[PDB]
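S.K.: structure20.cif is reproduced in full below (mmCIF, C-alpha atoms and all ligand atoms).
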```cif
data_protein
#
loop_
_atom_site.label_atom_id
_atom_site.label_comp_id
_atom_site.auth_asym_id
_atom_site.auth_seq_id
_atom_site.Cartn_x
_atom_site.Cartn_y
_atom_site.Cartn_z
CA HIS P 3 -22.29 5.38 -9.20
CA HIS P 4 -19.55 3.62 -7.11
CA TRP P 5 -16.19 4.92 -6.07
CA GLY P 6 -12.93 5.28 -7.98
CA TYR P 7 -10.40 7.94 -9.04
CA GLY P 8 -12.15 10.02 -11.65
CA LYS P 9 -13.61 13.52 -11.58
CA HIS P 10 -17.07 12.20 -10.80
CA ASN P 11 -16.29 9.46 -8.33
CA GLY P 12 -12.81 10.24 -6.94
CA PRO P 13 -11.37 11.13 -3.54
CA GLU P 14 -13.25 14.41 -3.25
CA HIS P 15 -16.58 12.52 -3.46
CA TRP P 16 -15.79 9.60 -1.13
CA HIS P 17 -17.07 11.27 1.99
CA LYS P 18 -20.68 11.10 0.76
CA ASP P 19 -20.74 7.32 1.09
CA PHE P 20 -17.86 6.91 3.59
CA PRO P 21 -18.17 9.76 6.08
CA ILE P 22 -15.01 8.59 7.90
CA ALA P 23 -13.15 10.16 4.87
CA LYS P 24 -13.23 13.29 7.03
CA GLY P 25 -12.14 11.55 10.26
CA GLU P 26 -9.37 12.07 12.74
CA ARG P 27 -6.82 9.56 11.52
CA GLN P 28 -7.06 9.38 7.74
CA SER P 29 -4.30 8.32 5.36
CA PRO P 30 -2.10 9.02 3.51
CA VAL P 31 -0.32 12.02 4.96
CA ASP P 32 2.61 14.21 4.10
CA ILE P 33 5.64 13.24 6.16
CA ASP P 34 7.29 16.50 7.25
CA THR P 35 10.77 15.16 8.05
CA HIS P 36 11.68 18.16 10.21
CA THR P 37 8.58 17.72 12.42
CA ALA P 38 8.80 13.89 12.71
CA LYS P 39 10.51 12.79 15.94
CA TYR P 40 12.98 10.01 16.55
CA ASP P 41 11.46 7.51 19.05
CA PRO P 42 14.06 5.46 20.96
CA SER P 43 11.23 3.30 22.39
CA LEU P 44 10.45 1.66 19.03
CA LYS P 45 11.70 -1.93 18.98
CA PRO P 46 13.67 -3.42 16.09
CA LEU P 47 11.39 -4.05 13.04
CA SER P 48 11.23 -7.73 11.98
CA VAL P 49 10.08 -8.49 8.39
CA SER P 50 9.86 -12.27 8.42
CA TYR P 51 8.95 -13.41 4.93
CA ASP P 52 11.05 -16.55 4.35
CA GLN P 53 8.02 -18.85 4.27
CA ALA P 54 5.72 -16.51 2.33
CA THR P 55 3.28 -18.42 0.21
CA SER P 56 1.87 -16.38 -2.67
CA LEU P 57 -1.27 -17.62 -4.36
CA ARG P 58 -2.74 -15.41 -7.02
CA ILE P 59 -2.65 -12.00 -8.72
CA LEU P 60 -6.00 -10.17 -9.30
CA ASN P 61 -7.02 -6.95 -11.06
CA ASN P 62 -9.81 -5.61 -8.77
CA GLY P 63 -10.68 -2.53 -10.77
CA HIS P 64 -8.72 -0.20 -8.38
CA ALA P 65 -5.23 -1.73 -8.47
CA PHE P 66 -3.83 -5.26 -8.72
CA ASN P 67 -3.29 -7.44 -5.60
CA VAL P 68 -0.86 -10.30 -5.07
CA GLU P 69 -2.50 -12.48 -2.42
CA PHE P 70 -0.91 -14.82 0.09
CA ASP P 71 -1.90 -17.82 2.23
CA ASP P 72 -2.44 -16.25 5.72
CA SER P 73 -3.87 -19.33 7.48
CA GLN P 74 -0.56 -19.75 9.38
CA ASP P 75 2.32 -17.39 10.39
CA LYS P 76 4.22 -17.89 7.12
CA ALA P 77 5.04 -14.19 6.42
CA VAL P 78 4.71 -11.82 9.31
CA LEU P 79 5.68 -8.34 10.44
CA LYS P 80 6.56 -7.63 14.05
CA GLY P 81 8.48 -5.25 16.22
CA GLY P 82 8.80 -1.57 15.49
CA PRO P 83 5.67 0.18 16.73
CA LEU P 84 3.79 -3.15 16.70
CA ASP P 85 2.65 -5.27 19.58
CA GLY P 86 1.98 -8.86 18.52
CA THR P 87 2.21 -10.53 15.18
CA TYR P 88 0.76 -9.26 11.89
CA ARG P 89 0.32 -11.70 8.93
CA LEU P 90 0.90 -10.68 5.33
CA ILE P 91 -2.32 -11.06 3.36
CA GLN P 92 -1.61 -9.09 0.15
CA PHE P 93 0.41 -6.45 -1.54
CA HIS P 94 -0.59 -3.93 -4.18
CA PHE P 95 0.67 -0.63 -5.64
CA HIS P 96 -0.58 2.84 -6.38
CA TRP P 97 0.99 4.71 -9.30
CA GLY P 98 0.75 7.71 -11.53
CA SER P 99 0.29 8.62 -15.20
CA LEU P 100 3.61 10.64 -15.05
CA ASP P 101 6.82 9.87 -13.15
CA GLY P 102 6.38 12.89 -10.85
CA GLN P 103 3.24 11.58 -9.16
CA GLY P 104 1.76 8.32 -8.04
CA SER P 105 2.59 7.81 -4.38
CA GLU P 106 -0.01 8.27 -1.65
CA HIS P 107 2.33 9.33 1.14
CA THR P 108 4.65 12.22 0.32
CA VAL P 109 7.91 13.28 2.00
CA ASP P 110 8.34 17.01 2.45
CA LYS P 111 5.60 17.28 -0.21
CA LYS P 112 7.68 15.20 -2.67
CA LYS P 113 5.65 12.68 -4.63
CA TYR P 114 7.17 9.43 -5.88
CA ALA P 115 6.24 7.56 -9.07
CA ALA P 116 4.47 4.81 -7.13
CA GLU P 117 4.00 3.27 -3.73
CA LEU P 118 3.95 -0.38 -2.68
CA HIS P 119 1.65 -1.47 0.21
CA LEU P 120 2.27 -4.77 2.00
CA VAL P 121 -0.89 -5.34 4.00
CA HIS P 122 -0.85 -7.29 7.27
CA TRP P 123 -3.49 -8.13 9.93
CA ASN P 124 -3.15 -8.63 13.66
CA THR P 125 -3.42 -12.34 14.44
CA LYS P 127 -5.09 -11.70 17.75
CA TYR P 128 -8.32 -10.96 15.87
CA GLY P 129 -8.51 -14.28 14.01
CA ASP P 130 -9.32 -13.05 10.49
CA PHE P 131 -8.87 -9.95 8.33
CA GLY P 132 -12.55 -9.01 8.53
CA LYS P 133 -12.44 -8.89 12.38
CA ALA P 134 -9.15 -7.00 12.23
CA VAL P 135 -10.72 -4.10 10.35
CA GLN P 136 -13.13 -3.58 13.20
CA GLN P 137 -10.19 -2.74 15.53
CA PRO P 138 -8.01 0.30 16.04
CA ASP P 139 -4.83 -1.83 15.92
CA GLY P 140 -6.15 -4.30 13.35
CA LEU P 141 -3.80 -3.75 10.45
CA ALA P 142 -0.23 -2.81 9.68
CA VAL P 143 0.73 -1.61 6.25
CA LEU P 144 4.35 -1.43 5.18
CA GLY P 145 4.65 1.31 2.52
CA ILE P 146 7.60 1.54 0.17
CA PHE P 147 8.22 4.35 -2.35
CA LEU P 148 9.17 3.64 -5.98
CA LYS P 149 11.34 5.99 -8.04
CA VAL P 150 12.26 5.54 -11.67
CA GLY P 151 15.84 4.56 -12.29
CA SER P 152 17.35 1.07 -12.64
CA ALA P 153 15.11 -2.01 -12.90
CA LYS P 154 14.05 -3.88 -9.77
CA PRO P 155 14.75 -7.52 -10.49
CA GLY P 156 12.39 -8.79 -7.82
CA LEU P 157 9.52 -6.86 -9.42
CA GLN P 158 9.99 -8.32 -12.88
CA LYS P 159 7.90 -11.45 -12.30
CA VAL P 160 4.96 -9.27 -11.33
CA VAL P 161 5.41 -7.09 -14.44
CA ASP P 162 5.65 -10.26 -16.61
CA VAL P 163 2.18 -11.55 -15.57
CA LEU P 164 0.28 -8.21 -15.96
CA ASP P 165 -0.73 -9.06 -19.55
CA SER P 166 -2.88 -11.85 -18.13
CA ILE P 167 -4.85 -9.53 -15.78
CA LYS P 168 -5.41 -6.52 -17.96
CA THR P 169 -9.04 -5.90 -16.99
CA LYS P 170 -11.17 -5.81 -13.87
CA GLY P 171 -12.08 -9.21 -12.46
CA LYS P 172 -9.19 -11.10 -14.12
CA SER P 173 -6.89 -13.24 -11.98
CA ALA P 174 -3.93 -15.61 -12.58
CA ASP P 175 -2.01 -18.17 -10.59
CA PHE P 176 0.94 -16.48 -8.95
CA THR P 177 2.66 -19.04 -6.73
CA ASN P 178 6.23 -19.13 -5.42
CA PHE P 179 6.73 -15.37 -5.46
CA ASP P 180 9.17 -14.03 -2.88
CA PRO P 181 8.15 -10.55 -1.59
CA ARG P 182 11.63 -10.04 -0.07
CA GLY P 183 12.75 -9.06 -3.57
CA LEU P 184 10.68 -5.86 -3.31
CA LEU P 185 12.43 -4.43 -0.21
CA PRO P 186 15.09 -1.70 -0.14
CA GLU P 187 18.35 -2.28 1.76
CA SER P 188 17.38 -0.20 4.81
CA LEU P 189 14.37 -0.81 7.04
CA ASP P 190 14.55 2.70 8.55
CA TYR P 191 10.98 4.05 8.73
CA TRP P 192 8.43 6.58 9.81
CA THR P 193 5.30 5.43 11.62
CA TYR P 194 1.92 6.92 12.52
CA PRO P 195 -1.69 5.72 13.17
CA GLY P 196 -3.93 6.08 10.11
CA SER P 197 -6.44 4.40 7.84
CA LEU P 198 -7.06 2.51 4.65
CA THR P 199 -6.39 4.86 1.78
CA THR P 200 -9.42 3.63 -0.26
CA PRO P 201 -13.03 3.08 0.76
CA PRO P 202 -14.09 1.99 3.26
CA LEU P 203 -11.32 4.21 4.67
CA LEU P 204 -11.38 2.41 8.02
CA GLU P 205 -9.12 3.79 10.79
CA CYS P 206 -7.39 0.55 11.69
CA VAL P 207 -3.86 0.91 10.31
CA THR P 208 -0.47 1.31 11.89
CA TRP P 209 1.47 2.74 8.95
CA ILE P 210 5.16 1.92 8.63
CA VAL P 211 6.66 3.91 5.70
CA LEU P 212 10.20 3.11 4.65
CA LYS P 213 12.67 5.93 4.24
CA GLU P 214 14.58 4.34 1.35
CA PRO P 215 12.71 4.12 -2.01
CA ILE P 216 13.27 1.23 -4.38
CA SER P 217 14.16 1.94 -7.98
CA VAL P 218 12.17 0.48 -10.81
CA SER P 219 12.76 0.93 -14.55
CA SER P 220 10.79 3.11 -16.86
CA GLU P 221 9.68 -0.06 -18.73
CA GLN P 222 8.43 -1.62 -15.45
CA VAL P 223 6.23 1.41 -14.52
CA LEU P 224 4.98 1.68 -18.11
CA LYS P 225 3.62 -1.85 -17.79
CA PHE P 226 1.54 -0.85 -14.71
CA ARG P 227 0.08 1.98 -16.78
CA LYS P 228 -1.21 -0.44 -19.47
CA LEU P 229 -3.64 -2.09 -17.06
CA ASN P 230 -7.33 -1.18 -17.24
CA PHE P 231 -9.81 -0.02 -14.62
CA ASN P 232 -12.66 -1.43 -16.78
CA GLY P 233 -13.79 -4.99 -17.33
CA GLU P 234 -13.30 -6.98 -20.56
CA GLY P 235 -15.47 -5.70 -23.37
CA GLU P 236 -16.17 -2.36 -21.70
CA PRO P 237 -14.62 0.84 -22.91
CA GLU P 238 -10.96 1.15 -22.07
CA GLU P 239 -9.88 3.35 -19.22
CA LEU P 240 -6.20 3.12 -18.37
CA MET P 241 -5.44 2.26 -14.71
CA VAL P 242 -3.30 5.24 -13.72
CA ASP P 243 -3.45 7.80 -10.94
CA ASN P 244 -5.10 5.41 -8.48
CA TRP P 245 -3.78 7.36 -5.45
CA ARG P 246 -5.48 9.42 -2.74
CA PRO P 247 -3.80 12.74 -1.98
CA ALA P 248 -2.36 13.59 1.42
CA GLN P 249 -4.91 14.18 4.24
CA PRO P 250 -4.78 16.44 7.32
CA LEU P 251 -2.43 15.19 10.08
CA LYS P 252 -4.80 16.50 12.78
CA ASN P 253 -3.86 15.26 16.25
CA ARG P 254 -1.02 12.91 15.26
CA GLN P 255 2.79 12.93 15.56
CA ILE P 256 4.86 10.99 13.12
CA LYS P 257 7.63 8.99 14.75
CA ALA P 258 10.93 8.02 13.16
CA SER P 259 12.98 4.87 13.77
CA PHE P 260 16.21 6.72 12.93
CA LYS P 261 17.90 10.07 13.48
ZN ZN S 301 -2.72 0.83 -0.87
#
```
Write the structure described by the file as structure tokens, please.
Ligand SMILES: [Zn+2]

M.R.:
Amino acid sequence: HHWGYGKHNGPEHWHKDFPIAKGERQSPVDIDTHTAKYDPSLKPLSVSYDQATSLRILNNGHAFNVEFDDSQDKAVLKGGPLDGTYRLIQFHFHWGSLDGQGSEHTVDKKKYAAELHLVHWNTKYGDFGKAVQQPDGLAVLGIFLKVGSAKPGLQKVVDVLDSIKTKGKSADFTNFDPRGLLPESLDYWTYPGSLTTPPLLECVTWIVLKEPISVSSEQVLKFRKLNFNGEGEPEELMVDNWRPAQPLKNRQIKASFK
């Protein structure tokens, strides 16, 4: 059948239907902090989310997405490694069944409990679908989650998860401010990579923040109560929806800080 995260349809099988799974710039990767290099040429990173307009939250059977209105430059990412303007279209998470796993990227082989992906597309290509046919189509801002104190800006997302328990469910989710999900520091690593799920397209400039956010044990537990299945099908808890680290191959990770 179709792809997911189980023994019979998980990451080790994806290459049969998406041969680019074995390509030259796949994601995620392990970030070896001693081999990353500070790059003084990177420009200041600009996360400009004051006019972000959230619309809806959806369980898609792989994770849940909070979607935004991207018909104008209301929430954009620029600077850093980026040329041009990238519009926020959605964010989602990947997380584990246990606190010691769940992130896609790792840092010196350390796994975090979860990872937040804020997905943006390069406005020069007109729409998201054209962007994913380009090698500089997308920029994804990745943020690690560790378990500790609650993240107040996450709580509204946690509060609505009961209404999207199963695949295909959605709920109105307006007036959500994604600035509440950021850590204090915007220091980051960056490298060229891919989508971390099928179709695994190699279109992404990854920007991974050094500083994790903390979320509470009750907040991560609520992610783990979601279902991969649809309503009325047998229950399969949505956990461990992460792809493991892939070969770096011919890429150097750059750092915005020393
Ligand atoms: Zn993701």

S.K.: Considering only C-alpha atoms, return as an NGL selection string whatever protein or nucleic-acid residues lie within 12 Å of residue 136 of chain P, sequence-local ones (same chain, fewer than 2 positions apart) excluded.

M.R.: :P and (123-124 or 128-134 or 138-141 or 197 or 202-207)

S.K.: What gap, in Å, lies between atom CA of residue 47 of chain P and atom CA of residue 98 of chain P?

M.R.: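 Taking atom CA of residue 47 of chain P and atom CA of residue 98 of chain P, their separation equals 29.2 Å.
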
S.K.: Could you produce a table of the residues of chain P lying within 9 Å of ligand ZN 301 (chain S), with the nearest pair of atoms per residue and their separation in Å rounded to one decimal, using only C-alpha atoms and all ligand atoms, ordered by chain and increasing residue number, as CSV?

M.R.:
```
residue,atom,partner,partner_atom,distance
P:65,CA,S:ZN301,ZN,8.4
P:93,CA,S:ZN301,ZN,8.0
P:94,CA,S:ZN301,ZN,6.2
P:95,CA,S:ZN301,ZN,6.0
P:96,CA,S:ZN301,ZN,6.2
P:106,CA,S:ZN301,ZN,8.0
P:117,CA,S:ZN301,ZN,7.7
P:118,CA,S:ZN301,ZN,7.0
P:119,CA,S:ZN301,ZN,5.1
P:120,CA,S:ZN301,ZN,8.0
P:121,CA,S:ZN301,ZN,8.1
P:143,CA,S:ZN301,ZN,8.3
P:145,CA,S:ZN301,ZN,8.1
P:198,CA,S:ZN301,ZN,7.2
P:199,CA,S:ZN301,ZN,6.1
P:200,CA,S:ZN301,ZN,7.3
P:245,CA,S:ZN301,ZN,8.0
```

S.K.: Residues around (-12.1, 7.5, -4.3), cut-off 9 Å, counting all atoms listed in the file - what are they as a VMD selection string?

M.R.: chain P and resid 4 to 8 11 to 17 199 to 201 244 to 246

S.K.: Keeping C-alpha atoms, export the residues of the selection given above as a PDB file, keeping the file's coordinate frame.

M.R.:
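File result38.pdb, as written:
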```
ATOM      1  CA  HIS P   4     -19.550   3.620  -7.110  1.00  0.00           C
ATOM      2  CA  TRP P   5     -16.190   4.920  -6.070  1.00  0.00           C
ATOM      3  CA  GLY P   6     -12.930   5.280  -7.980  1.00  0.00           C
ATOM      4  CA  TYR P   7     -10.400   7.940  -9.040  1.00  0.00           C
ATOM      5  CA  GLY P   8     -12.150  10.020 -11.650  1.00  0.00           C
ATOM      6  CA  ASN P  11     -16.290   9.460  -8.330  1.00  0.00           C
ATOM      7  CA  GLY P  12     -12.810  10.240  -6.940  1.00  0.00           C
ATOM      8  CA  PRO P  13     -11.370  11.130  -3.540  1.00  0.00           C
ATOM      9  CA  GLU P  14     -13.250  14.410  -3.250  1.00  0.00           C
ATOM     10  CA  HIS P  15     -16.580  12.520  -3.460  1.00  0.00           C
ATOM     11  CA  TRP P  16     -15.790   9.600  -1.130  1.00  0.00           C
ATOM     12  CA  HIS P  17     -17.070  11.270   1.990  1.00  0.00           C
ATOM     13  CA  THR P 199      -6.390   4.860   1.780  1.00  0.00           C
ATOM     14  CA  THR P 200      -9.420   3.630  -0.260  1.00  0.00           C
ATOM     15  CA  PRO P 201     -13.030   3.080   0.760  1.00  0.00           C
ATOM     16  CA  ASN P 244      -5.100   5.410  -8.480  1.00  0.00           C
ATOM     17  CA  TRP P 245      -3.780   7.360  -5.450  1.00  0.00           C
ATOM     18  CA  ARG P 246      -5.480   9.420  -2.740  1.00  0.00           C
TER      19      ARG P 246
END
```

S.K.: Check the smallest atom-to-atom distance from each of P:63, P:155, P:46, P:82 to residue 194 of chain P using only C-alpha atoms, then report the winner.

M.R.: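 Of P:63, P:155, P:46, P:82, the one nearest residue 194 of chain P is P:82, counting only C-alpha atoms.
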
S.K.: Enter the distance from atom CA of residue 33 of chain P to atom CA of residue 83 of chain P, in Å, rounded to one decimal.

M.R.: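 Taking atom CA of residue 33 of chain P and atom CA of residue 83 of chain P, their separation equals 16.8 Å.
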
S.K.: Counting all atoms listed in the file, find residues at most 6 Å from (1.4, -7.0, 10.2) (file frame) and give them as a list in words.

M.R.: residues 78, 79, 88, 89, 122, 123, 124 and 142 of chain P

S.K.: Quick one: everything within 8 Å of segment 159-161 of chain P, counting only C-alpha atoms, minus sequence neighbours fewer than 2 positions away in the same chain. Send it as a ChimeraX atom specification.

M.R.: /P:156-157,163-164,179,222,225-226

S.K.: Taking 3 positions as the minimum chain separation for residues in the same chain, which residues sit within 10 Å of residue 176 of chain P when counting all atoms listed in the file? Answer as an mmCIF file with C-alpha atoms, keeping the file's coordinate frame.

M.R.:
```
data_model
loop_
_atom_site.group_PDB
_atom_site.id
_atom_site.type_symbol
_atom_site.label_atom_id
_atom_site.label_comp_id
_atom_site.auth_asym_id
_atom_site.auth_seq_id
_atom_site.Cartn_x
_atom_site.Cartn_y
_atom_site.Cartn_z
ATOM 1 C CA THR P 55 3.280 -18.420 0.210
ATOM 2 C CA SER P 56 1.870 -16.380 -2.670
ATOM 3 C CA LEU P 57 -1.270 -17.620 -4.360
ATOM 4 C CA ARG P 58 -2.740 -15.410 -7.020
ATOM 5 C CA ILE P 59 -2.650 -12.000 -8.720
ATOM 6 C CA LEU P 60 -6.000 -10.170 -9.300
ATOM 7 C CA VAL P 68 -0.860 -10.300 -5.070
ATOM 8 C CA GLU P 69 -2.500 -12.480 -2.420
ATOM 9 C CA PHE P 70 -0.910 -14.820 0.090
ATOM 10 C CA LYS P 159 7.900 -11.450 -12.300
ATOM 11 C CA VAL P 160 4.960 -9.270 -11.330
ATOM 12 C CA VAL P 163 2.180 -11.550 -15.570
ATOM 13 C CA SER P 173 -6.890 -13.240 -11.980
ATOM 14 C CA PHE P 179 6.730 -15.370 -5.460
#
```

S.K.: Rebuild segment 137-172 of chain P so that it carries N, CA and C atoms, then output the result as a JSON list (two decimals), keeping the file's coordinate frame.

M.R.:
```json
[["chain", "number", "residue", "atom", "x", "y", "z"],
["P", 137, "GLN", "N", -11.04, -3.05, 14.36],
["P", 137, "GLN", "CA", -10.19, -2.74, 15.53],
["P", 137, "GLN", "C", -9.20, -1.63, 15.29],
["P", 138, "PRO", "N", -8.88, -0.83, 16.35],
["P", 138, "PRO", "CA", -8.01, 0.30, 16.04],
["P", 138, "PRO", "C", -6.56, -0.10, 15.84],
["P", 139, "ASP", "N", -6.18, -1.30, 16.22],
["P", 139, "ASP", "CA", -4.83, -1.83, 15.92],
["P", 139, "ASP", "C", -4.94, -3.12, 15.10],
["P", 140, "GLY", "N", -5.86, -3.12, 14.15],
["P", 140, "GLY", "CA", -6.15, -4.30, 13.35],
["P", 140, "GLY", "C", -5.14, -4.60, 12.28],
["P", 141, "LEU", "N", -4.60, -3.57, 11.66],
["P", 141, "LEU", "CA", -3.80, -3.75, 10.45],
["P", 141, "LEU", "C", -2.44, -3.07, 10.61],
["P", 142, "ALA", "N", -1.48, -3.55, 9.84],
["P", 142, "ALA", "CA", -0.23, -2.81, 9.68],
["P", 142, "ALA", "C", 0.10, -2.83, 8.23],
["P", 143, "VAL", "N", 0.36, -1.67, 7.65],
["P", 143, "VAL", "CA", 0.73, -1.61, 6.25],
["P", 143, "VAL", "C", 2.12, -1.07, 6.15],
["P", 144, "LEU", "N", 2.98, -1.86, 5.47],
["P", 144, "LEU", "CA", 4.35, -1.43, 5.18],
["P", 144, "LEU", "C", 4.34, -0.71, 3.84],
["P", 145, "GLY", "N", 4.68, 0.57, 3.79],
["P", 145, "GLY", "CA", 4.65, 1.31, 2.52],
["P", 145, "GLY", "C", 6.08, 1.57, 2.08],
["P", 146, "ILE", "N", 6.30, 1.39, 0.76],
["P", 146, "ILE", "CA", 7.60, 1.54, 0.17],
["P", 146, "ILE", "C", 7.48, 2.41, -1.09],
["P", 147, "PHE", "N", 8.24, 3.48, -1.17],
["P", 147, "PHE", "CA", 8.22, 4.35, -2.35],
["P", 147, "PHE", "C", 8.95, 3.73, -3.54],
["P", 148, "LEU", "N", 8.44, 3.98, -4.75],
["P", 148, "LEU", "CA", 9.17, 3.64, -5.98],
["P", 148, "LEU", "C", 9.57, 4.92, -6.73],
["P", 149, "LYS", "N", 10.84, 4.94, -7.16],
["P", 149, "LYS", "CA", 11.34, 5.99, -8.04],
["P", 149, "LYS", "C", 11.80, 5.33, -9.31],
["P", 150, "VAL", "N", 11.80, 6.10, -10.39],
["P", 150, "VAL", "CA", 12.26, 5.54, -11.67],
["P", 150, "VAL", "C", 13.76, 5.68, -11.78],
["P", 151, "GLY", "N", 14.42, 4.58, -12.08],
["P", 151, "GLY", "CA", 15.84, 4.56, -12.29],
["P", 151, "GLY", "C", 16.18, 3.21, -12.88],
["P", 152, "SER", "N", 17.02, 2.43, -12.21],
["P", 152, "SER", "CA", 17.35, 1.07, -12.64],
["P", 152, "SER", "C", 16.19, 0.11, -12.37],
["P", 153, "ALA", "N", 16.15, -0.99, -13.10],
["P", 153, "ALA", "CA", 15.11, -2.01, -12.90],
["P", 153, "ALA", "C", 15.22, -2.68, -11.53],
["P", 154, "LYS", "N", 14.08, -3.06, -10.98],
["P", 154, "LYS", "CA", 14.05, -3.88, -9.77],
["P", 154, "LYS", "C", 13.86, -5.35, -10.16],
["P", 155, "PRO", "N", 14.90, -6.16, -9.98],
["P", 155, "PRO", "CA", 14.75, -7.52, -10.49],
["P", 155, "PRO", "C", 13.62, -8.28, -9.83],
["P", 156, "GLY", "N", 13.43, -8.07, -8.55],
["P", 156, "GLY", "CA", 12.39, -8.79, -7.82],
["P", 156, "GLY", "C", 10.96, -8.38, -8.17],
["P", 157, "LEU", "N", 10.81, -7.32, -8.95],
["P", 157, "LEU", "CA", 9.52, -6.86, -9.42],
["P", 157, "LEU", "C", 9.18, -7.49, -10.76],
["P", 158, "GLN", "N", 10.19, -7.94, -11.49],
["P", 158, "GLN", "CA", 9.99, -8.32, -12.88],
["P", 158, "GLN", "C", 8.95, -9.44, -13.06],
["P", 159, "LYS", "N", 8.90, -10.41, -12.15],
["P", 159, "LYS", "CA", 7.90, -11.45, -12.30],
["P", 159, "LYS", "C", 6.47, -10.93, -12.19],
["P", 160, "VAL", "N", 6.27, -9.89, -11.39],
["P", 160, "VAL", "CA", 4.96, -9.27, -11.33],
["P", 160, "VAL", "C", 4.65, -8.58, -12.66],
["P", 161, "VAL", "N", 5.56, -7.73, -13.13],
["P", 161, "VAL", "CA", 5.41, -7.09, -14.44],
["P", 161, "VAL", "C", 5.11, -8.09, -15.59],
["P", 162, "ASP", "N", 5.78, -9.24, -15.56],
["P", 162, "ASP", "CA", 5.65, -10.26, -16.61],
["P", 162, "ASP", "C", 4.22, -10.86, -16.67],
["P", 163, "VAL", "N", 3.47, -10.86, -15.56],
["P", 163, "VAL", "CA", 2.18, -11.55, -15.57],
["P", 163, "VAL", "C", 1.02, -10.53, -15.80],
["P", 164, "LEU", "N", 1.33, -9.22, -15.79],
["P", 164, "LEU", "CA", 0.28, -8.21, -15.96],
["P", 164, "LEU", "C", -0.55, -8.32, -17.25],
["P", 165, "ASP", "N", 0.05, -8.82, -18.34],
["P", 165, "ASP", "CA", -0.73, -9.06, -19.55],
["P", 165, "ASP", "C", -1.92, -9.99, -19.32],
["P", 166, "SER", "N", -1.83, -10.87, -18.32],
["P", 166, "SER", "CA", -2.88, -11.85, -18.13],
["P", 166, "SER", "C", -4.00, -11.31, -17.19],
["P", 167, "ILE", "N", -3.80, -10.12, -16.60],
["P", 167, "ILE", "CA", -4.85, -9.53, -15.78],
["P", 167, "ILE", "C", -5.17, -8.09, -16.17],
["P", 168, "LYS", "N", -5.28, -7.86, -17.46],
["P", 168, "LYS", "CA", -5.41, -6.52, -17.96],
["P", 168, "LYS", "C", -6.63, -5.81, -17.41],
["P", 169, "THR", "N", -7.74, -6.53, -17.27],
["P", 169, "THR", "CA", -9.04, -5.90, -16.99],
["P", 169, "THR", "C", -9.61, -6.35, -15.65],
["P", 170, "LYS", "N", -10.51, -5.53, -15.15],
["P", 170, "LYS", "CA", -11.17, -5.81, -13.87],
["P", 170, "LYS", "C", -11.78, -7.19, -13.75],
["P", 171, "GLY", "N", -11.54, -7.87, -12.64],
["P", 171, "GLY", "CA", -12.08, -9.21, -12.46],
["P", 171, "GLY", "C", -11.17, -10.34, -12.93],
["P", 172, "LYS", "N", -10.14, -10.05, -13.71],
["P", 172, "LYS", "CA", -9.19, -11.10, -14.12],
["P", 172, "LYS", "C", -8.20, -11.45, -12.99]]
```
